[PDB]
Every structure is written in structure tokens, then in C-alpha cells.
Amino acid sequence: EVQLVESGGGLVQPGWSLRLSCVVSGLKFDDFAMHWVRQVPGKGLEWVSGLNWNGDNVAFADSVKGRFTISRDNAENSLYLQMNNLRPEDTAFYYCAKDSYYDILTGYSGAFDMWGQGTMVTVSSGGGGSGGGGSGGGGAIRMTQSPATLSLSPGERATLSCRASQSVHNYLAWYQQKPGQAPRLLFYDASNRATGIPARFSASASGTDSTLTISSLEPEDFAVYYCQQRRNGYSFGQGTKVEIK
Amino acid sequence: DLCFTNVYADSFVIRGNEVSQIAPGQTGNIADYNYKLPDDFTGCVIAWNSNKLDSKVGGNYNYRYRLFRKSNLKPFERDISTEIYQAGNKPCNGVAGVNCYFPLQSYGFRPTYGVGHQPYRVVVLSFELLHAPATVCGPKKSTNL
């Protein structure tokens, strides 16, 4: 199986440069694109960047565009990030994700099929900084989850509906994140089952509406579930934190 | 009045999602793995919604797309082939299997698609200026007598 080991985290004074590494193992990494994704402590997921298997597809976050550099090596199976001009808002938990390629016209798809352990980078030793420019990337109509928060006991059936603002065709990803543990993929394309998934987990989707059913709940299946979209400069949903009632 | 030597016409249909990718030197699957329009070019591309004539409810499998490639196709490079693509480890001996998908994939159209997924008839006209006499000219009327 693919093991993804990250390194380069720790506590640093903002303003200088840092290097983060994700070493890949398990199979032919050359055929798969690699990606960086961000975790703000205690909230939802935010995407960082993505580099294709051949490096032809370069994708950078708007905030970090023009100042952060991505690179990769398919011989040693590594992905490198070099960052400059650090500011306190960059403190986060980074994850390297392996490619889970899809098949429609818009291109390849990089998502959370193979996970890295995630490493913490805390650039917070000086004074805080921010800006007054909100733009429109954070105010976009988020995919609405009904219910937004569901607390249920083991044994019954839980239904979560993800309703999307724009037509996402069939590409929606359903994701599970155990608190304090490595998050787990749930559903490809929100419509077909992932390999080895038991019968109690099911999901369906078409257009902008998606349903996720978890029948016969168990005490260990409480986690954070995500419905994630991929139109252009893909971003994540708000996430639903299902725990014990 | 500008008369040039040769003209090349290409025509096909793609999805309405990737309309913005048609430009000289873009990033994306279509911009590289089917054709890359050169940064410098004479000629251009015209696209228009050919949805109601090229979309089927059951899925217009007639229109297909070559999807996977390990390389970016250069300007004026033509890649038309029939080969099954290997992604994980093996091409799975020409079947559908574990992480083994076929590039020449039918779109799976639906006229129930939203405005974003409305396929476009996309054509490119390409100019060629060669040492040969320019014969593909425009009319020379002539005026009245």
C-alpha cells in the first residue's frame, strides 16, 4: 500500500522561507499527481496546491499565488514545497494527497484516495497579521448539508444530503475524518461505491443533489463527513461533525 | 484582401465546462492532451452550443473523446489512436478493472445537463503562409463598369 510520509513542520518565525516534503511509497508514483491540502485547526478543509504526474498541470491557491513554489521528483517519489514571506495566518496542518484520476473532459482529478499523515506548521512567534481583502473565494455559496450537524447513536440510519450551488455533474467526493486519526475515503464520485466498502455505507448523486446513508451505526463510526467539489480551483465543504448524541 | 497559402479546418464537440481552456498555452486536459494552440498563431477557434443536436438523454455515445496521455500534444501535432491506457501498474489487458480506464471514452451526455455541461461544437481555423503562391484569396471585385 502507498505510504505517504510528510516532513518539514514545526514552529518558525514568519517572514523567511521553509521547505516541506512528502515522500511517496507503495507503487509507481510517476503515474500519479501529488497535491497539498490545508487544515485550519478546529475547522473545515482548505485546498493548497496541486502538481500533475508530469508537472504539466500546475495549480496554486490565490492567496499563495506568485510567492510559493511547488516541485516534484518521480524517481525518488517526493513532492516539495518552498514558501517565503510567511505570515501568521499560514499556521496549519498540511496534508499530501495522491492522485485519484477521473474521466471527464476538464482534466485529471487529484483528491484524497492516498493520505499523508499531515504535519503541523506553526508560523506564530511574532505579531499577528491579516488583510482587508476578502474577494469572493470564501463567500461562495457552500454546498449545503442537511442536517448541518447530526448527532446520532449507534444502530439506526443516518442520512446526509449535500446540495450544490452549481452543476458539478457527477464529481462529488464523500470523505470521512476521524478526530485525531487519519481520515478515510468514503465515496468516489458520490455515486459509486469504493472498493471494500461494507453494505451499510451507500451514496448516490446526480447534478447538484447527493445523498449519503449509513445504516446500522456503530460506536466507532462518528467522524467528520465532507462533500467535496472540483469545478475550478477546487475547495471543500463546511463538513458535518457527527458524534455521539 | 489578405490572401494566404493554406487553411486547415478542425471540427468536433466538447463539454461546455472547458470552454475557457481554449486559448494559446492553457493548463488543462484538453489544452494539452488533444491539441495545444500555439502562443503565436494566425487563425482562431469558434465554438457554439451544439447541445440539442449532439446530446442524447440516454447518453450521446456517438461523440467520444480521447482522454488520457502521458505527454502534452504540441501545436500542429495530431494524435489519433486506439489504445487502452494504464494508470496504476498495468493496462489490465484491455478490459475495465481496478484503476484501469479507457481514454477513448464516450461523454455520457444528457440534455438535462445545466448550462455549464452544455456541449459546444468547437471548430478551429488555422492559417498557413508558405512560399507557394497565395491562392486562397479574398474575391477582387471588382467594381462596376
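- By the method listed in its record, cryo-EM, this PDB entry was determined to a resolution of 2.7 Å.

- The name recorded for chain B in the PDB entry is Spike glycoprotein, from Severe acute respiratory syndrome coronavirus 2.
- Listed in the archive, the entry goes by the title "The structure of HKU1-B S protein with bsAb1".

- Going by the PDB entry, chain A carries the name the scfv of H4D12 and comes from Homo sapiens.

Some thoughts on a nonpolar patch on the surface
Then, in step 1: Residues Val7, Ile46, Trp48, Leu125, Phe127, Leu129 and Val136 of chain B make up a contiguous nonpolar surface patch of roughly 600 Å² in combined accessible area.
Then, in step 2: If you trace the backbone, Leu129 of chain B turns up in the segment after β5 (120–128).

Things to note about the interface of chain A and chain B
Then, in step 1: Of the residues lining the interface, 21 residues belong to chain A; the matching set on chain B comes to 31 residues.
Then, in step 2: It is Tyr101, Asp103 and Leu105 of chain A that lose the most area in chain A upon contact with chain B, and together they represent 35% of the buried surface on that side.
Then, in step 3: Here chain A is connected to chain B by one salt bridge.
Then, in step 4: Put simply, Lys70 of chain B and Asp31 of chain A hold a salt bridge, and the shortest N to O gap is 2.3 Å.

So, the pairing of strand β8 (residues 78–83) of chain A
All names here are of chain A.
Then, in step 1: One ladder, built from six bridges, connects strand β3 (residues 18–25) with β8; its direction is antiparallel. Each residue of the ladder has a partner; that of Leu18, found in β8, is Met83.
Then, in step 2: In this structure, strand β7 (residues 69–73) lies alongside β8, joined through five bridges in antiparallel fashion. By the bridge assignment for β8, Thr69 is matched with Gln82.

Considering the UniProt feature "disulfide bond" in chain B
All names here are of chain B.
Then, in step 1: In this model the annotated disulfide between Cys3 and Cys137 is intact, with an S-S distance of 2.0 Å against a 2.5 Å threshold. With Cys3 in the segment before β1 (6–14) and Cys137 in the segment after β5, the pair connects residues that are 134 residues apart, well separated along the chain.
Then, in step 2: Judged by relative accessible area, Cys137 falls into the partly exposed class, the value being 48%.
Then, in step 3: In this model the annotated disulfide between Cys92 and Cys100 is intact, with an S-S distance of 2.0 Å against a 2.5 Å threshold.

About the cut-offs
- What you see is numbering from 1 along each chain in written sequence order, possibly unlike the entry, with residues lacking coordinates removed.
- Key to labels: chains lettered from A, ligands numbered from 1, both in the order written.
- What is displayed is a subset of a larger assembly, so the values quoted cover only the displayed chains.
- Each side-chain value is derived from all of the structure's non-hydrogen atoms; neither hydrogens nor water enter the calculation.
- Residues with missing side-chain atoms are left out of burial classes, side-chain pairs and their counts.
- Grouping into patches uses exposed residues only, defined as over 30% relative accessible area, and leaves out salt-bridged ones; the cut-off is 9 Å for like charges and 5 Å for nonpolar side chains (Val, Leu, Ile, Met, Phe, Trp, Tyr).
- Per-residue accessibility takes into account occlusion by the displayed protein chains alone, with areas from the Shrake-Rupley method and a 1.4 Å probe.
- Any carboxyl oxygen of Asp or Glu that lies within 4 Å of a side-chain nitrogen of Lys or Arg is treated as forming a salt bridge with it.
- We count a stretch as a helix when DSSP gives it H or I for four or more residues in a row; a strand needs E for two or more, and each element gets its number in order from the N terminus.
- In this description, contact between two residues means that some pair of their heavy atoms is separated by no more than 4.5 Å.
- A 1.4 Å probe defines the accessible area here, and the buried area is the portion of it lost by two parts on being joined, summed over both.
- Criterion used throughout: strands pair if DSSP finds at least two bridges between them.
- When the sulfur atoms of two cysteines come within 2.5 Å, that pair is taken as a disulfide.
- UniProt positions are given in the numbering used here, feature names are shortened, and annotations may be inferred rather than shown by experiment.
- Only protein chains enter the calculation, and the probe is 1.4 Å; a residue is then buried if its accessible area is under 20% of its type maximum, exposed if over 50%, and partly exposed in between.

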